[PDB]
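*Asks:* Chains as they are written, first to last, in the UniProt record's numbering: chain A, 247 to 270, 291 to 314; chain B, 77 to 149; chain C, 179 to 427; chain D, 659 to 792. Even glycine gets a Cβ: it sits at the ideal position worked out from N, Cα and C. Pasting a structure here, questions to come.
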Amino acid sequence: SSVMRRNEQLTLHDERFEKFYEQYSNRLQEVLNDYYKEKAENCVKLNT
Amino acid sequence: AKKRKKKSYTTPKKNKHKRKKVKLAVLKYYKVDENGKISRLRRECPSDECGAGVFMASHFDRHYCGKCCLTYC
Amino acid sequence: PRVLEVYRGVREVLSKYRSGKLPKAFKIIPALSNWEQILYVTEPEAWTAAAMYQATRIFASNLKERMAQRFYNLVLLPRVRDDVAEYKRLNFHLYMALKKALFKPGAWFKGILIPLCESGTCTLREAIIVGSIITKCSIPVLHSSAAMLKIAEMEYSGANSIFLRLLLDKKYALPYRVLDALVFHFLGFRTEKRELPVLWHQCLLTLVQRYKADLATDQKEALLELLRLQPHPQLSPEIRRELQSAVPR
Amino acid sequence: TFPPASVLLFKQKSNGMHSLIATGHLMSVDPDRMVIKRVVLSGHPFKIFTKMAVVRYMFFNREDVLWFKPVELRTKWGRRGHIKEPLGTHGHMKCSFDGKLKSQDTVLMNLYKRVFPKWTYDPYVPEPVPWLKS
RNA sequence: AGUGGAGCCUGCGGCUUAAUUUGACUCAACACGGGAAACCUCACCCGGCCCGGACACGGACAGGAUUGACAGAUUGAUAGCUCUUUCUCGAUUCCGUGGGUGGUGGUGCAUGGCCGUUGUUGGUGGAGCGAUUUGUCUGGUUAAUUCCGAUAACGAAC
Ligand SMILES: [Zn+2]
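Quick look at the structure:
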């Protein structure tokens, strides 16, 4: 904080400074099964 | 030094593909009776985080979640 | 177990990725709890620039700004600094990765810009590239003003003035504490015996082109004293002219 | 007309006004005086090696390069060269030169035709209005 | 012993090709680019998607600007970078109009940062106004202004 200030002419917004300096499974196995099916479907070798 | 002529050549690239504009998509989520009771047309998501706010895309056979990709039958 | 070999497989995929769809296990990385372990399994140091662009795309698209901050600070920024240092320019995929990282500005400023500035070893080419990247992206006024306060309060390096100048070129409405910090930084350059480059003079010149209508008379005379003590044969008459023809309010 | 003869060239400007545009005299009368129209075509050498380059945008077909192959190319920076081969289906070509070309350089070719005046002779001339300044 | 004559292979010219990518042409051009290239290694060719800046002006956006996306239909490509499904994402904006206005530009010029130690021809002397010369040479010797010695030269550096 400095000493030379805005003096006059309005304050529109107050600004938030205390967030910048003050900062510092079934789906999984289903996706695994989908990945395995996709890896198996790259070479099908069975269907006619 | 020796400049260049800058050959112009006209190529029309005005036609570019954009997605369609959906207007007022909130109106089909809820149906309200004349008394004032709200009926929810779309299924609520029972997920870990996006509950009580997120609706389902209503497929021809199933429902789809638009934040965590939950699929039903 | 079975998860570990699948993530070794997608580690092998991401080391050679050029285009196309990624495996769905890669796209559900932010939704999982122990993301750091599987991410270290995927070995981000050996990733391809297109793969890291897609990773930044996924991580920026999925909220939770703290985790995006950690990804930008830990993985993306070291890759950018390594690619500028060796190739002397930034790759196309990594450039669009930094733009899609500026899709999330709060994690970007506190994760990419400010850590790079406080590292101290930021070169001039990195400053030019990152400043052009923030020039392209439209930035929120609050985040830009907070970052400008940050870079004004920091210790001086030659790369910092490029960032400050390209933030002043955004022509946003400035909070008055931010302008106080800027004027105090420049008046902190009043007694320095070090020869200052044309970059610092151009940053001061930009501050006088854009924000001369919101300067008090006392700090106006202080800036005239600053020009008197630290002159340039070319820019200082123009800064003096722009300070002389300024109306307040 | 047998020379000497004074020669004036006027332009019908607007509202029946004659504006003097050129003054001079009559040189010898002959139809065998060849008037040659030049057309200059420019191409950008975008793949430069030693003493030969790959140049584009001067042509856009492959057989245009074969048609104008015999014409010697010159350069805005003083080089003189000749078309060796076309490579692409587009108008990309290999061109040999006497020296090495700069990156900021442009290859160009001069083409010539003979042009004859248009028969728009009529002895009737409109009567001018008195001259005034705008 | 061969090579040059023969078959094969490789290199350079030339000839073909849409492309047959490329610097070097009697040693230092000639299996050099670690170059034994089926994808990369490729500098070449034929096609096809994508988007390509800031600033100013004019629109739209909170009656969502825009981001993310499961399944299926397409083109030569598992293109949510299009359609059916439009579900979420809360400004992080994208649509035209422009302009020696250009910047992750190319190139030249000037000057500086990171590391320590303190056979040629000068210096002085002699000759000539000067270009120049002497040193740097009769003889013997040595790869050699080297060595022995003579000596208007004496000492040296690389
Ligand atoms: Zn979802």
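Can you name the start and end residues of the beta strand (DSSP E) that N768/D belongs to?
*Replies:* From DSSP, the beta strand (DSSP E) with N768/D extends over 765 to 772.
*Asks:* Starting from the beta carbon of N292/A, find every residue of chain C whose beta carbon is closer than 9 Å, and list them in chain order.
*Replies:* Residues of chain C passing the Cβ test: none, with the nearest at roughly 12 Å.
*Asks:* Express the C-alpha separation of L298/A and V191/C in angstroms, rounding to a whole number.
*Replies:* Answer to the nearest angstrom: the Cα atoms are 15 Å apart.
*Asks:* Tell me where the beta strand (DSSP E) around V698/D begins and ends.
*Replies:* 694 to 706 is the span of the beta strand (DSSP E), which, as asked, contains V698/D.
*Asks:* Which chain A residues are close to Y265/C, counting only those with a beta carbon under 8 Å from its beta carbon?
*Replies:* Result: empty, since nearest Cβ-Cβ is about 31 Å, beyond 8 Å.
*Asks:* Compute the distance between the beta-carbons of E403/C and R368/C, then report whether it is under 9 Å.
*Replies:* It is a contact, given that the beta carbons lie within the stated cut-off.
*Asks:* If I measure Cβ to Cβ from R418/C and keep anything under 8 Å in the same chain, skipping five residues before and after, which residues do I get?
*Replies:* If we look at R418/C and ignore the five residues flanking it on each side, its Cβ neighbours are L402, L405.
*Asks:* Which residue from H410/C, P415/C, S414/C, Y389/C puts its Cα closest to that of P426/C?
*Replies:* When only C-alpha atoms are compared, the closest one is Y389/C.
*Asks:* Around ligand 1, which residues pass a check of Cβ closer than 5 Å to any of its heavy atoms?
*Replies:* For ligand 1, the selected residues are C141/B, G142/B, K143/B, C144/B, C145/B.
*Asks:* Leaving out five residues before and five after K705/D in sequence, what residues of the same chain have Cβ atoms less than 6 Å from its Cβ?
*Replies:* So the qualifying residues of the chain are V712.
*Asks:* Among residues of its own chain, excluding the 5 on either side of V386/C, which ones have a beta-carbon nearer than 7 Å to its beta-carbon?
*Replies:* Excluding positions up to five away in sequence, the list reads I417, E420, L421.
*Asks:* So what does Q397/C bridge to, in DSSP terms?
*Replies:* Bridge partners of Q397/C: none, in fact.
*Asks:* In the DSSP assignment, what residue or residues form a beta bridge with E743/D?
*Replies:* Note: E743/D sits in a beta bridge opposite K752/D.
*Asks:* At the 9 Å Cβ level, is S672/D part of the contact set with chain B, yes or no?
*Replies:* Judged by the 9 Å Cβ criterion, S672/D is not in contact with chain B.
*Asks:* Rounded C-beta distance between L268/C and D261/C? I'm assuming under 8 Å.
*Replies:* About 6 Å separates the two Cβ atoms, so the contact holds.
*Asks:* What in chain B is Cβ-close to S700/D, meaning under 9 Å?
*Replies:* By Cβ distance, chain B contributes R80, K81, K83.
*Asks:* Counting Cβ pairs, one atom from each stretch, are 3 or more of them under 8 Å apart for the segment 714 to 731 of chain D and the segment 749 to 756 of chain D?
*Replies:* Cβ pair count under 8 Å is three or more, so yes.
*Asks:* List, in chain order, every chain B residue whose beta-carbon is nearer than 7 Å to that of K734/D.
*Replies:* Correct list: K78.
*Asks:* Where does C141/B fall in DSSP's three states?
*Replies:* Strand.
*Asks:* Going by Cα to Cα distance, which pick from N91/B, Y85/B, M132/B, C126/B is closest to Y105/B?
*Replies:* The shortest C-alpha separation from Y105/B is found at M132/B.
*Asks:* What residue range does the alpha helix (DSSP H) around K371/C cover?
*Replies:* Element bounds for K371/C: n/a, residue is neither H nor E.
*Asks:* For chain C, find out if any of its Cβ atoms is closer than 9 Å to the Cβ of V310/A; answer yes or no.
*Replies:* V310/A does not count as touching chain C.
*Asks:* How many Å lie between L377/C and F362/C at the Cα?
*Replies:* About 18 Å.
*Asks:* I need the DSSP call for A680/D, collapsed to helix, strand or coil.
*Replies:* Here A680/D sits in strand by DSSP.
*Asks:* For a quick check, are the C-beta atoms of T764/D and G701/D less than 9 Å apart?
*Replies:* Result yes, Cβ atoms of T764/D and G701/D sit closer than 9 Å.
*Asks:* With DSSP collapsed to three states, give me the class of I114/B.
*Replies:* Residue state, collapsed to three classes: strand.
*Asks:* Can you name the residues of chain A whose CB is closer than 9 Å to the CB of residue 167/C?
*Replies:* With chain C covering 179 to 427 only, the question about residue 167/C has no answer from this structure.
*Asks:* Starting from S322/C, trace the alpha helix (DSSP H) both ways and give me its first and last residue.
*Replies:* Where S322/C is concerned, the enclosing alpha helix (DSSP H) stretches over 319 to 331.
*Asks:* Within the same chain, show all residues whose beta-carbon is closer than 8 Å to that of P786/D, passing over the 5 residues directly before and after it, in chain order.
*Replies:* For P786/D, where only same-chain residues beyond five positions count, the Cβ hits under 8 Å are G674, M675, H676.
*Asks:* Which parts of the segment 219 to 275 of chain C are runs of the alpha helix (DSSP H), unbroken and 4 residues or longer, counting only runs that do not cross its ends?
*Replies:* With a minimum length of 4 residues, the continuous alpha helix (DSSP H) runs that stay inside the segment 219 to 275 of chain C are 227 to 239, 243 to 249, 255 to 265.
*Asks:* So if DSSP puts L666/D in a beta bridge, which residue, or which two residues, is it bridged to?
*Replies:* Answer is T681/D, bridged to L666/D.
*Asks:* Note down, in chain order, every chain B residue with its Cβ under 9 Å from the Cβ of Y715/D.
*Replies:* Those are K83, listed as they occur along chain B.
*Asks:* Going by the beta-carbon positions, is the gap between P661/D and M692/D smaller than 9 Å?
*Replies:* Going by C-beta atoms, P661/D is not nearer than 9 Å to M692/D.
*Asks:* Applying the 10 Å Cβ sphere with the 16-neighbour rule, what's the burial state of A680/D?
*Replies:* Its Cβ having fewer than 16 others within 10 Å, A680/D is exposed.
*Asks:* For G298/C, which option in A424/C, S335/C, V356/C, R355/C has the closest C-alpha, if you only look at C-alpha atoms?
*Replies:* Among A424/C, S335/C, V356/C, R355/C, the Cα nearest to that of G298/C is on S335/C.
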